[PDB]
Each structure stands twice: as C-alpha cells, then as structure tokens.
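*Asks:* Sending over a structure as structure tokens; questions will come in a sec.
2 protein chains.
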Amino acid sequence: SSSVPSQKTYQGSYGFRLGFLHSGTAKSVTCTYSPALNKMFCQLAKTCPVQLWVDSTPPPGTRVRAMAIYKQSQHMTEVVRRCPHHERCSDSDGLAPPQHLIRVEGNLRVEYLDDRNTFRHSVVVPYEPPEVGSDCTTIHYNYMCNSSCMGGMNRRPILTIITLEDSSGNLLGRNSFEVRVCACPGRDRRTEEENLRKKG
Amino acid sequence: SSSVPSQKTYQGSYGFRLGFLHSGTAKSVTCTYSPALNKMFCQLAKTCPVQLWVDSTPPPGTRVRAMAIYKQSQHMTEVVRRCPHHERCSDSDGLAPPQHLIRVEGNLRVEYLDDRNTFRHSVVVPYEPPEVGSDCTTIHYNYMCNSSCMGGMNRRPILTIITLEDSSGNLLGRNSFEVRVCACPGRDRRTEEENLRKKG
DNA sequence: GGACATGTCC
DNA sequence: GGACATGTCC
Ligand SMILES: [Zn+2]
Ligand SMILES: [Zn+2]
Numbered sequence: 094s095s096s097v098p099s100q101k102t103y104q105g106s107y108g109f110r111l112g113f114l115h116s117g118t119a120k121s122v123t124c125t126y127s128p129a130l131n132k133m134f135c136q137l138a139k140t141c142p143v144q145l146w147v148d149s150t151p152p153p154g155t156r157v158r159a160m161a162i163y164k165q166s167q168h169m170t171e172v173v174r175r176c177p178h179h180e181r182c183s184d185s186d187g188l189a190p191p192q193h194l195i196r197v198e199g200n201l202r203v204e205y206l207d208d209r210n211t212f213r214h215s216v217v218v219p220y221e222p223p224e225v226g227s228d229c230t231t232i233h234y235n236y237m238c239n240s241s242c243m244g245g246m247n248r249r250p251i252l253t254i255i256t257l258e259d260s261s262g263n264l265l266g267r268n269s270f271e272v273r274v275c276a277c278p279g280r281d282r283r284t285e286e287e288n289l290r291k292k293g
Numbered sequence: 094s095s096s097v098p099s100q101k102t103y104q105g106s107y108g109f110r111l112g113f114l115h116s117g118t119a120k121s122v123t124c125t126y127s128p129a130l131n132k133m134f135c136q137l138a139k140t141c142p143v144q145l146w147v148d149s150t151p152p153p154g155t156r157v158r159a160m161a162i163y164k165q166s167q168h169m170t171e172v173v174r175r176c177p178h179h180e181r182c183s184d185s186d187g188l189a190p191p192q193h194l195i196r197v198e199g200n201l202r203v204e205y206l207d208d209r210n211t212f213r214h215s216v217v218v219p220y221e222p223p224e225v226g227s228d229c230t231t232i233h234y235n236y237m238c239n240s241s242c243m244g245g246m247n248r249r250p251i252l253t254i255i256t257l258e259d260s261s262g263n264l265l266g267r268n269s270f271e272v273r274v275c276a277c278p279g280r281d282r283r284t285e286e287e288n289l290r291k292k293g
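Protein sequence lines correspond, in order, to chains A and A'. A prime marks a further copy of an entry chain. If you read the first sequence in the authors' numbering, its first letter stands for residue 94, the second for the next number, and so on. If you read the second sequence in the authors' numbering, its first letter stands for residue 94, the second for the next number, and so on.
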C-alpha cells in the first residue's frame, strides 16, 4: 500500500467541492486564489479561508481532514513538515504540535494527527452544515512555513488535500489545491499566471 | 564588563597581522578577499585559508582564537550561532559542536570553547611559527552557515576576530575581518566593491 | 555566467 | 510597489 495519500478528486455522492474567496490581485494581499492554476497563494501564518460546498447533507459525525503532500513526483514520498527554525519558534497555539505545517484556527474540536505508518501530519475538524441562508461552510487554515523555508518545504510546491470522511472513515469526498506560501502572494500569482499563458 | 569582545585591531609587540590568498574574482570562486572592504567572501563549509604574520616570534604555548560577532551595532550583543537547520544536519567532524559557526580543519589540537558568561563560541589552535623559508603560518577556517541562513545570521554581516594569546591569556595581538558566506563570493565581492565606489 | 527566485528595504 | 537580495537553474 502506498505511503502517499491519493490526490484524486472525488466529488462523490454528496457533491463535495471547495470554494475560495475573491480574489485579486489588488496589492500583494495576504491570501489569493488562482482558478487557472488551482493554486492558493498566501502568507506565513495568515488566515486562509476555504469553503466547503455540498449538494446533499453529509451524515452526523462527518469530519474534514486537511493534509499536505509535495506536488512533484520527485518529492511526493517525503513527509511535509515545518522547517527546524519555525518548529522551534514557540508559536504554538496550545493545540497544534510545533512540527505541523497546517493549522486550523477558531475551532474548539480540532484534532492534530500523525499517521502511525506514514508519519504524515493532518488536521481534522467536525464537518458542520451551512447555517440557513448560507450555501457553504468556511474553515480557516494557516500554513506555518513559507514554501521557501530552508530545511522544510525548500521551494517545493505542495498540494493541500481536503477529504470529507464519515465517522466510520469512509471517504465521502476529496478535493485538493496547490499552495504557495510566500511573502508576496499578489505578485507571485501574477507572475505564475503570466508564465502559464506565455510558456505553459 | 561588556559581553561583546573588542574588535579593536592590536598589532602588538610581535607585529601581528593577517594575510589572505589571491584573489580574483576569477569566477564565483569558493573563497575571495577584498582589501578595500576588509572582507572575506566564501562558500558554506569551504576552506578559507587565513595567514598569520608576525615580526617577532611569540613565546611557546601561544594560542590562536577565532570568534565571530555581528558587525552592526544593532546586532552586536547577539551571540553568533549556526541556524537550527544546519545545527541538526549531522555534518559534525567529530570535534566541532554542531552549534558552532566557525570550524578549524586539519588540526589535531583544535579546541572548541563556549564562554561560561557570554555563551559565545570560539575555536582555538596552538600558534606555530612558520617553517624555515616561510614568512607565515596558515590556518584553514570553515564557516558552517551562509550569512543568509534563516534563524541564524539572517543576512546580517559578521566579523571574525582573530586573537593571538599567550599561555597565560595575555592578549598579544588582535585582528579582524568582515565575512560574507554566500553562494557566489565572486559575484558578491564585485557588487559590493562597485557599490562602495559609487555610493560609499 | 546569465537568468530567475523570493524575501526585504524603503 | 519598485528596487534590491541572494540562492538556484541550466
Ligand atoms: Zn519554516
Ligand atoms: Zn545555516
């Protein structure tokens, strides 16, 4: 069995997809999303709102997991972790282990997990349906290193894989998106989309 | 008493001064020295030959200490250390503590010291006079982080202070030089000397 | 070695 | 935000 989680999109029976806020790139903003690249550009430890959309309501006890993997085949097998510098920075919120790249803020039932076999990190919260009048649920993620962090992601792109899972562990839905954590999300999104057009 | 070692040049009664190899900058070389800037440019963990010159022979038991401090007044008080990434890299040679920035290679009597009061690191070897026919003694230093290392020197310039000390601890001589540890010593020396001329 | 990268200065 | 920085790609 593979030690690398599938990144394969699975809309599933509940019509699961992700949504992202608009947009830009007015200024080198804190967080911006490129539909063309399927890529979030954001800043170190800043809020990244991700929306969960479903057509049919998941059953009670459904959970939402986020996990990072390296996007490139050459790096897929390596566990995505915080670099040694940021790991020792004591910026923990009391819940997140200092090694974990991805945090969820503002959730009283967050769980941080480390796979006993793959050693990969993930963070889980309960799924909750939208309030009446709302079409989605929003989770605030934080990425606790820059993509460029020496001894950590080291300039390698990652994907965040979001899985919708029932109590029993059945996969109900899966989506994923590329992430670049950088100093200037607005600038870098512009640069990448222009290189896509010209050279892609 | 100051927790910051003096960088004040002291040629002393023995006529102590430093010498550096020539030069460049043919290519982005591994190690190059700028007389105008009093600055060594070198690469991570590569050999940096430093020559010790004296007019009168130091007495037996004389020692040679190297220590780094931040050059800028704003950073002088902070101890110069390896970054967390390089510290944990297990590149130790069996003698140097993994936190120490400055190593001496090729010396059977090297001592690595940490000041009980200032916590500053230094590395010491016995002073030895030149062989007959030679005008100097050469020590091979290594700098085990780049100047840019996140969580370490963090792009701040350092000075290396070389002290000639007798057995008893008397200061016989002192010299110092700025260091930039970088990927492209040749390129950066050229850039800095040109900015000195134009803007200095 | 030239171009590109990507965090920082101002 | 433009210029500069500084490690990396090729
Ligand atoms: Zn980091
Ligand atoms: Zn380092």
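Where a beta carbon is used, it is the ideal one built from N, C-alpha and C, also for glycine.
Just confirm the distance between the C-beta atoms of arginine 156 (chain A') and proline 219 (chain A'), as a whole number of angstroms; I'd bet it's less than 8 Å.
*Replies:* Correct: roughly 6 Å between the Cβ atoms.
*Asks:* Any heavy atom of ligand 1 closer than 7 Å to the beta-carbon of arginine 175 (chain A)?
*Replies:* Yes.
*Asks:* Taking a Cβ distance cut-off of 9 Å, strictly less, list which residues of the stretch 144-173 of chain A' are near chain A, in chain order.
*Replies:* Within the stretch 144-173 of chain A', no residue has a Cβ that lies closer than 9 Å to any Cβ of chain A.
*Asks:* Between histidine 178 (chain A') and chain A, is any beta-carbon pair separated by less than 8 Å?
*Replies:* Yes, contact with chain A.
*Asks:* Classify residue 295 (chain A) as helix, strand or coil using the three-state DSSP reduction.
*Replies:* In the structure as shown, chain A begins at 94 and stops at 293. Residue 295 (chain A) is therefore absent and cannot be evaluated.
*Asks:* Between which residues of its own chain and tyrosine 205 (chain A) is the CB-CB distance below 6 Å, once the five residues before and five after are set aside?
*Replies:* Within the same chain, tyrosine 205 (chain A) has close Cβ partners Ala189, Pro190, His193 and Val216.
*Asks:* Beta-carbon within less than 6 Å of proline 222 (chain A)'s beta-carbon, same chain only, minus the 5 sequence neighbours each way: which residues are those?
*Replies:* Excluding residues within five positions, the ones whose Cβ falls inside 6 Å are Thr150.
*Asks:* Which word fits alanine 276 (chain A'), buried or exposed, when buried means at least 16 other C-beta atoms lie within 10 angstroms of its C-beta?
*Replies:* Classification for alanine 276 (chain A'): exposed.
*Asks:* Just by C-beta distance, which residues in the stretch 243-274 of chain A' are closer than 7 Å to chain A?
*Replies:* The residues in question are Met243 and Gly244.
*Asks:* Mind pulling the alpha helix (DSSP H) runs of 4 or more residues that sit fully within the stretch 174-240 of chain A'?
*Replies:* If we require 4 residues or more, the alpha helix (DSSP H) runs fully inside the stretch 174-240 of chain A' come out as 177-180.
*Asks:* To the nearest angstrom, report how far apart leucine 257 (chain A) and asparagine 268 (chain A) are at their CA atoms.
*Replies:* Cα to Cα, the separation comes out at about 9 Å.
*Asks:* Look at the alpha carbon of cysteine 124 (chain A') and the alpha carbon of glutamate 180 (chain A'), and state the distance between them as a whole number of angstroms.
*Replies:* In a straight line, the C-alpha of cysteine 124 (chain A') is about 22 Å away from that of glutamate 180 (chain A').
*Asks:* Measure the CB-CB distance between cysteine 242 (chain A) and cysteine 176 (chain A) and report whether it falls below 8 Å.
*Replies:* Yes; because the gap between Cβ atoms is below 8 Å, this pair is in contact.
*Asks:* Which residues does DSSP list as the beta-bridge partners of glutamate 258 (chain A')?
*Replies:* In DSSP, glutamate 258 (chain A') forms a bridge with A':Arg156 and A':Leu264.
*Asks:* Using three-state DSSP, classify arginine 249 (chain A) as helix, strand or coil.
*Replies:* The answer is coil: DSSP assigns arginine 249 (chain A) none of H, G, I, E or B.
*Asks:* Is there a Cβ of chain A sitting closer than 8 Å to that of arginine 175 (chain A'), yes or no?
*Replies:* Output row for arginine 175 (chain A'): interface = no.
*Asks:* Report the three-state DSSP secondary structure of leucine 145 (chain A) (helix, strand or coil).
*Replies:* In the structure shown, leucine 145 (chain A) sits in a strand (DSSP, three-state: E or B).
*Asks:* Taking only beta-carbon atoms, is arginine 213 (chain A) less than 8 Å away from chain A'?
*Replies:* No, its Cβ sits nowhere closer than 8 Å to a Cβ of chain A'.
*Asks:* Using a Cβ distance threshold of 8 Å, determine whether the stretch 279-289 of chain A contacts the stretch 117-135 of chain A, with at least three qualifying pairs required.
*Replies:* With a cut-off of 8 Å, the stretch 117-135 of chain A and the stretch 279-289 of chain A count as touching, because enough Cβ pairs lie within range.
*Asks:* Quick one: what's got a C-beta closer than 6 Å to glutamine 144 (chain A')'s C-beta in the same chain, skipping five residues either side?
*Replies:* Within the same chain, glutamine 144 (chain A') has close Cβ partners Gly112, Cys229 and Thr231.
*Asks:* Against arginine 181 (chain A), what residues of chain A' qualify as contacts under a CB-to-CB distance less than 9 Å, listed in chain order?
*Replies:* Chain A' residues near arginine 181 (chain A): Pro177 and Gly244.
*Asks:* Classify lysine 291 (chain A') as buried or exposed, calling it buried when 16 or more other Cβ atoms lie within 10 Å of its own Cβ.
*Replies:* Label assigned to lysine 291 (chain A'): exposed.
*Asks:* For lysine 164 (chain A) and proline 98 (chain A), I'd like the C-alpha separation in whole angstroms.
*Replies:* Each residue's alpha carbon lies about 11 Å from the other.
*Asks:* Taking its Cβ as the centre, do 16 or more other Cβ atoms sit within 10 Å of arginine 273 (chain A), making it buried, or is it exposed?
*Replies:* Buried.
*Asks:* Rounded to the nearest angstrom, how far is the Cβ of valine 173 (chain A') from that of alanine 159 (chain A'), given a contact under 8 Å?
*Replies:* That pair is no contact at about 11 Å.
*Asks:* Work out the CA separation of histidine 168 (chain A) and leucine 252 (chain A) for me, nearest whole Å.
*Replies:* If you take the alpha carbons of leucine 252 (chain A) and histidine 168 (chain A), they lie about 12 Å apart.
*Asks:* Is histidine 179 (chain A') near ligand 2, in the sense that its beta carbon is under 7 Å from a heavy atom of that ligand?
*Replies:* Yes, since a heavy atom of ligand 2 falls inside the 7 Å radius drawn around the Cβ of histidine 179 (chain A').
*Asks:* Would you call the CB atoms of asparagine 235 (chain A) and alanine 138 (chain A) closer than 8 Å?
*Replies:* Their beta carbons are under 8 Å apart, which means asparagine 235 (chain A) touches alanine 138 (chain A) by this criterion.
*Asks:* Please report the distance separating the alpha-carbon of residue 306 (chain A) from that of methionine 133 (chain A).
*Replies:* Lying before the first or after the last residue shown, residue 306 (chain A) is absent from chain A, which here runs from 94 to 293.
*Asks:* Below 7 Å, is the gap between the Cβ of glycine 226 (chain A') and the nearest heavy atom of ligand 1?
*Replies:* Outside the cutoff, so no.
*Asks:* Using the rule of at least 16 other Cβ atoms within 10 Å of the residue's Cβ for burial, across every protein chain shown, is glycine 226 (chain A) buried or exposed?
*Replies:* That one is exposed.
*Asks:* Let me know the secondary structure DSSP gives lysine 132 (chain A') once reduced to three states.
*Replies:* Looking at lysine 132 (chain A') - three-state DSSP - the assignment turns out to be strand.
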